[PDB]
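Participant: mind folding the following:
(chains A, B, C, D, E and F)
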Amino acid sequence: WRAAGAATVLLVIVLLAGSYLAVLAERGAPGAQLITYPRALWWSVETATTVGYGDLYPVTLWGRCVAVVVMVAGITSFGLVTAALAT
Amino acid sequence: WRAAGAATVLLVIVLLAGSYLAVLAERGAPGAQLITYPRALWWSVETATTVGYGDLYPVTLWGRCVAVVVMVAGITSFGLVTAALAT
Amino acid sequence: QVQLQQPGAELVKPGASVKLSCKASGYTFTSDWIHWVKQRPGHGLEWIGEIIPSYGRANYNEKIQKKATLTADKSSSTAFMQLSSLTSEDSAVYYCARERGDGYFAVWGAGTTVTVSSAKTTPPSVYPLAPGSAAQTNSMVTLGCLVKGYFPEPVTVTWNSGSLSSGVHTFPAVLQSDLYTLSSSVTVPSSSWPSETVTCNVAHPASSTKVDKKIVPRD
Amino acid sequence: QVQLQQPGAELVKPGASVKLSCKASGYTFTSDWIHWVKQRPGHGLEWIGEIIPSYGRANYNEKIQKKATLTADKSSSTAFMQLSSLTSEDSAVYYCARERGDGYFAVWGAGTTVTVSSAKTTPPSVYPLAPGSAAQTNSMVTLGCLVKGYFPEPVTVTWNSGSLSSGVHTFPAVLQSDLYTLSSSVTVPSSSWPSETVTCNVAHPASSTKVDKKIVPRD
Amino acid sequence: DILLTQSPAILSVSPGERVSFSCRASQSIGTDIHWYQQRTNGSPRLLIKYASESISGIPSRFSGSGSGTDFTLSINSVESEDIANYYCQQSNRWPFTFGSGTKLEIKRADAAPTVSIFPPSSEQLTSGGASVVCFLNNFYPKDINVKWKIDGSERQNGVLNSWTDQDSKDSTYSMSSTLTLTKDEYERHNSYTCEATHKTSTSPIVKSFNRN
Amino acid sequence: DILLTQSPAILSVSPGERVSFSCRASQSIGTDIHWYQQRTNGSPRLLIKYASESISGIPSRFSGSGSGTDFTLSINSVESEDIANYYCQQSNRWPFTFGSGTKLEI
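Facilitator: Numbers count the residues shown, from 1 in each chain, chains lettered A, B, ... in the order given. The structure is reproduced below:
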């Protein structure tokens, strides 16, 4: 888990940090639906796993930025845990 | 297939188990469309492969949980079968 | 065979509660859901709630005041609906139905007529209806039976234990002085009666009674 | 304990500005947002804006002319709303409310009544209202207190420091010559008065005054 | 929740004619609509599932179509047995909901009522009660009037009437009229007569009997 | 921004009778609707959250239903203390908005 549990730690952070900067960046932009922590966390899980249904997504510049930060740190968190959870 | 067929076994379980806890968790939440086994299984395949169209998705807390369980056990089932079906 | 069996009727005094049952047979799957639907006289179908026996979870219609509590017994394959603190607004036929988890009600029970009233139960009196001595018969003859003084609804009237269905009319009951009354009509070829027997069978679920009355020509 | 504390009133001359405060207690989370809502007399609730204390960012209703500027002091757990260049259109009750980042206003402050006028502040004169000597008492007796010549609104009237709530009516104030006037009514069993004391407590936030007036039978 | 609108509430068709029931959903529900038939005093019965799928046991006469918000249940060449109430039900979103129902009415050829009068039974008289029953059977249209006469004089008290719904056997209607009297009241009168007035005839159809 | 329509503005009911307040959203907002009660000279008080969730401290008499664009707040057997103004509020999209309110008259 020096690689496995290691990624999880980083990930569950971004998730939380993401959901937060998400509602933070999103409120204010009329129409944004990414404006409440609870779901904002569901969005992040979607995003980080790349499933993205579209039920919720970012609509502001920095919003999109966090988003990009979540996707990236997630598409790899899951990556390292991949050559592990299966190795 | 000690790694290949091995993952398939685990996966086709989650799929079934998922679809089930899905309709189970979803019904009750007014508006949820993830309320019937048949499709609920299609949703799971979408989800587990990360395609997620959005035609159907979870809208309840535990619903989302199962979802997270399906994505994870799927993003890896497909992972191990990857360094196999191509190795 | 009957997939869902429900009792015919239940009389409940205002304020009291009652527990309806639905015994299921035939194939049973972990994905089956048992639904309950309410239908007031002359009105449409109203969804009450559902329960999944394999897990025991129940969901209810949010749009209406919650009168029901659903449970299920796996060993006896029976689903129950506890209705509490009833008023006349709760009087209606309550159906149970089975859904295989795929959205439609494949089969329905016969329904339980629930009557919320303070009045007491009363079995019906069944009287014969045979033509008068001066009545001229055609190629057909009409007979019947009068069912009066019963409470609460309903009563089921059949002819010759059900073997006689064609030419049968059972009129809606009329309520007078806390008691119902109705008649049933049957028409058979004039030549077959009285040579061939004609009997009406009256069942009154609420009183657990069922009586027969043979229709014979007047003295 | 009161989760959100707001001052009772603020008098502001047209064109001037005022800074409203909202002191919060109870659990505090990094995800809390403090909202401000405006409500004119006889009208509905209008959302003004919100601020997240943990970060300090504020958002405002785009549909209305921006009169407010929101800030927050973490050390004193106090949120502030600076309203500038006010006109009579800005006269209203301004509520602060707390949202745990999950969409609903879990709790609201009591609200601050802001009056935009050039008139000067004036404490109310509280007079007793006891029955005349020829009034016939029933099993109940009605007493009261007259509160006139105060400005601006509002005043809070309680009976026996609040211990007496049943049988109390406080009438809406009427405006005449830059001054308000209202009366409050209280009814207690005729036998209990004057044996048991009856006093009205009148608080006028704008003047920081609160006076008591014991109601005793006329000479 | 999804609102299902079924309009018109009543549909009148002639025998052998094609009929179409309408069901409109407040929002798009794909093809997640199911149709049920409910005859007088019967339980609902599934006719069509997922908008157009056939159910084994149901006559080929029945078919469904539509998707989105508008659906149709059709019957090719209606017959008496199709007389009943029809309901749509959706399963696209929770909770499942039902439409308010449409009744199928068939406009057949006029038919005069078959009138039968019956003297109270001896078993009933033995209990101190006497009911004289009259059947006005299988007539059409359903508009009809019944009049009672005792010893040639119109009687109104003690009379209770009941009308059936259109019959799924022959599209006709029937009515019962019951005159209840005490054994005593019944014993002091000779003839009892029931008269039926129906569109099919300018003259009433009368049936009588004497207590002797 | 989402417009919340509350009609009728005044609802008259007899004592002990069931009453239903209506709230319609200009677009679908799932179940992101919340109801508040405001008595004369009082501050708003949360009654129901997310269309149908109970709040501790509120009489069982109060219940909510609906999803999408149409919502309902119901009171089983109204009593004097229920006399007040009732407002709906949405949190599906920014900015949060309030309905115009319905007064209960007995």
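
Participant: output the longest helix belonging to chain A.
Facilitator: Counting by DSSP state H, the longest helix found in chain A is helix A:4-26.

Participant: what about that helix and chain B, any contact?
Facilitator: No. Judged by CB under 8 Å from any CB of the partner chain, helix A:4-26 and chain B are separated, with a smallest distance of 10.6 Å. C-beta coordinates here come from the backbone N, C-alpha and C atoms, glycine included.

Participant: who are the packing partners of that helix?
Facilitator: Helices and strands touching helix A:4-26, by 3 or more CB pairs under 8 Å, 6 or more residues apart in numbering or on different chains; DSSP states H and E, are helix A:37-49, helix A:61-80, helix A:82-85.

Participant: CA atoms of that helix as PDB?
Facilitator: Below are the C-alpha coordinates for helix A:4-26, written out as PDB (Å, rounded to 0.1, in the frame of the first residue of the first chain):
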ATOM      1  CA  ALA A   4      -1.800   1.700  -3.300                       C
ATOM      2  CA  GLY A   5      -3.000   3.100   0.100                       C
ATOM      3  CA  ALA A   6      -0.700   5.900  -0.900                       C
ATOM      4  CA  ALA A   7      -2.900   7.000  -3.800                       C
ATOM      5  CA  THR A   8      -6.100   6.600  -1.800                       C
ATOM      6  CA  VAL A   9      -4.800   9.100   0.700                       C
ATOM      7  CA  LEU A  10      -4.100  11.700  -2.100                       C
ATOM      8  CA  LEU A  11      -7.400  11.000  -3.800                       C
ATOM      9  CA  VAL A  12      -9.900  11.200  -0.900                       C
ATOM     10  CA  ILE A  13      -8.200  14.600  -0.400                       C
ATOM     11  CA  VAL A  14      -8.700  16.000  -3.900                       C
ATOM     12  CA  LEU A  15     -12.300  14.700  -3.700                       C
ATOM     13  CA  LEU A  16     -12.900  16.700  -0.500                       C
ATOM     14  CA  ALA A  17     -10.800  19.600  -1.600                       C
ATOM     15  CA  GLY A  18     -12.400  19.500  -5.000                       C
ATOM     16  CA  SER A  19     -16.000  19.400  -3.800                       C
ATOM     17  CA  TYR A  20     -15.100  22.400  -1.700                       C
ATOM     18  CA  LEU A  21     -13.400  24.700  -4.200                       C
ATOM     19  CA  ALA A  22     -16.200  23.500  -6.500                       C
ATOM     20  CA  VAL A  23     -19.200  24.900  -4.600                       C
ATOM     21  CA  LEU A  24     -16.900  27.800  -3.900                       C
ATOM     22  CA  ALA A  25     -16.100  28.500  -7.500                       C
ATOM     23  CA  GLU A  26     -19.600  27.700  -8.800                       C
END
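
Participant: now do the same contact list for residue 67.
Facilitator: In the absence of a named chain, chain A is used. A:18, A:22, A:47, A:57, A:58 (CB atoms under 8 Å, 6 or more residues apart in numbering or on different chains).

Participant: I was thinking of chain E, sorry if that wasn't clear
Facilitator: With CB under 8 Å, 6+ apart, residue E:67 has these contacts: E:30, E:31, E:51.

Participant: before we move on, back to that, out of the helices and strands packed on helix A:4-26, which is the most enclosed?
Facilitator: helix A:37-49 (a mean of 22; mean count of other CB atoms under 10 Å in any protein chain shown).

Participant: rewinding a little: format the contacts of residue E:67 as a markdown table; extra columns: neighbour count, secondary structure and distance to chain D.
Facilitator: Formatted as a markdown table, the contacts of residue E:67 follow (neighbours: other CB atoms under 10 Å in any protein chain shown; DSSP: H, G, I helix; E, B strand; the rest coil; distance: CB to the nearest CB, whole Å):
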| residue | neighbour count | secondary structure | distance to chain D |
| --- | --- | --- | --- |
| E:30 | 16 | coil | 30 |
| E:31 | 17 | coil | 34 |
| E:51 | 22 | coil | 37 |
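
Participant: many thanks, I have nothing further to ask.
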